[PDB]
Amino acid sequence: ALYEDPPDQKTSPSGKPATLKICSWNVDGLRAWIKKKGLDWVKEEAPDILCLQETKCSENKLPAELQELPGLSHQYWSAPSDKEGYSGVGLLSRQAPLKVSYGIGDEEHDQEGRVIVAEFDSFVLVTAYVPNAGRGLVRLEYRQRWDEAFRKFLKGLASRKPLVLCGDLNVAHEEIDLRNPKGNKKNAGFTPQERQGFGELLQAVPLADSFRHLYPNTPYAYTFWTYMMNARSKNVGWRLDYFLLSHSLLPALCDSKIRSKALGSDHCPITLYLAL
């Protein structure tokens, strides 16, 4: 079935207006996404922080259009060291964060340009591009090593300040989070080991799944559709991109959106509203 995201809810459950709009988006090749007019959409959506994943672009090749974003003038990039046109993430913010770091404090996992951390007054924001488990699960062993290291690291962070984690976490948590759960139980993104890892990340830090806190019963809500087999037009997709929130930010949560119509990638954008 198809799915219509409901209108933006911009008031907290205590009547306070939203003061921060975070937009996350796996662009799957920054340079191609630019040509497919993805920055035009970002300009209209006008967020305070933009998080992009799977950038496939070294910083010395960063397109010139990124210099035409006045409301997003503070930009931070993490490329891999060895591989080219592979992974890479970006974090752009209207105001300058207090401190910016890269990776998760573990040498084995900081080589691929997947994590950026920005600290603000009231919270720390982590944007993430979690390693896919791979065709034939030939990275699933590494991904469990990732999940373990990443979970610990985030718990350390969330114990200091309220944490927002956004990005492509490369797993559909429950059956409701993808269109064909029955047939994907041994494919990357829906194995038992990645599903449990996600549940463990939720229960251990702890963190809530913003979208599921607000619409626990809503199915057919996805952020990725394969380019093949005309999946996007049949809404045969996966929910892979998340805003994960500290429980102490839930009183501040106004809405968590899935921007289904915005093209440019095999992922769509998600955006978070918070009253801070």
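Start at 1 with the first residue shown and count on from there.
Where the other entries of this protein model the residues before and after it, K83 is dropped from at least a third of them. Compared with other deposited structures of the same protein, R139 does not meet the criterion of being unmodelled in at least one third, since all of those that resolve residues on both sides include it. Averaged over CA atoms, B-factors in the entry run higher in 12 to 20 than in the other of 256 to 264 and 12 to 20. The PDB entry records a higher mean C-alpha B factor for 78 to 86 than for its counterpart among 78 to 86 and 171 to 179. Remark: of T218, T223, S210, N230, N230 shows the highest value [criterion: C-alpha B-factor in the PDB entry].
Ranked by C-alpha B-factor against the other modelled residues of its chain, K37 falls in the middle third. Sorting the modelled residues of the chain by their CA temperature factor places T55 in the middle third. In this PDB entry, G237 carries a Cα temperature factor that places it within the lowest third of its chain's modelled residues.
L274: CA B factor lies in the middle third for its chain, per the PDB record. Sorting the modelled residues of the chain by their CA temperature factor places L214 in the middle third.
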